[PDB]
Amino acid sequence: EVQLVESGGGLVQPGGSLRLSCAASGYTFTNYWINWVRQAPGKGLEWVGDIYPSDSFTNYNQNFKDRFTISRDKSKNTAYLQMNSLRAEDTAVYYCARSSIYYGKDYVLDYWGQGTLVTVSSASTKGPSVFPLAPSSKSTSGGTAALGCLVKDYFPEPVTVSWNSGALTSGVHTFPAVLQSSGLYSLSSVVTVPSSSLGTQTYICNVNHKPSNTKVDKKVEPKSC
């Protein structure tokens, strides 16, 4: 029922501006404050600020004043976070969350959006190269086999990896992406399956990098050496 959907994120050039949106639904929009919280990759949570939707009353974290602007559109049930003159430092996951104007049951940060990644970089949107990681490198057969896909040289984050259109989840390990000296991201998604299924099962990794509009469905079949 109640959902907050962040939007307007993604890649942005340093010195540039971004307008993030928090589409709220399933409740009286003017009855809950909208909070903006950021999380730098691998760091803690940071309260940016909040907006009271009825009168547009806004509270800020002193560090974010004059560069970050929280606004609203009552009619569109959307709160906004204007971020101007962005620096590499600003690279983070930006969440929105509601907090009741009235003290009560689960009043505080009850619901959050999924967050949007904001990457403040001069580098360009590069789509990945999906290479298969075939099972049995040199020696064939056993008991349990591993196979996968290498999601290579893309920018910015994120990328989504699925197996057999969501049907295969057990034993799946989609490694956190790592940044190479080149400034391009790379990850591998792996899966352990019983070796007796290789002769029968067809394994496909579904790769999606929304930033570059790249969708790749690559097959992982066995090889000799």
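Numbering starts at 1 and follows the sequence shown.
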Exercise for review: Check the entry's C-alpha temperature factors for 137 to 145 and 119 to 127, then say which stretch has the higher mean.
Suggested key: 137 to 145
Review point. Between 40 to 48 and 166 to 174, which has the larger average Cα B-factor in the PDB entry?
Key: 166 to 174
Study note, to complete from the structure: Of the three thirds of the chain ranked by Cα temperature factor, residue 21 occupies the lowest
Practice item. For residue 89, return the chain-relative third of its C-alpha B-factor as stated in the PDB record: lowest, middle or highest. Key: lowest
Study note, to complete from the structure: residue 114: CA temperature factor from the record, placed by chain third, in the lowest
Exercise for review: Using the B-factors in the PDB entry, rank residue 98's C-alpha atom against the chain and give the third, lowest, middle or highest.
Suggested key: lowest
Exercise for review: Grab the CA temperature factor for residue 184 from the record and place it in the lowest, middle or highest third of its chain.
Suggested key: middle
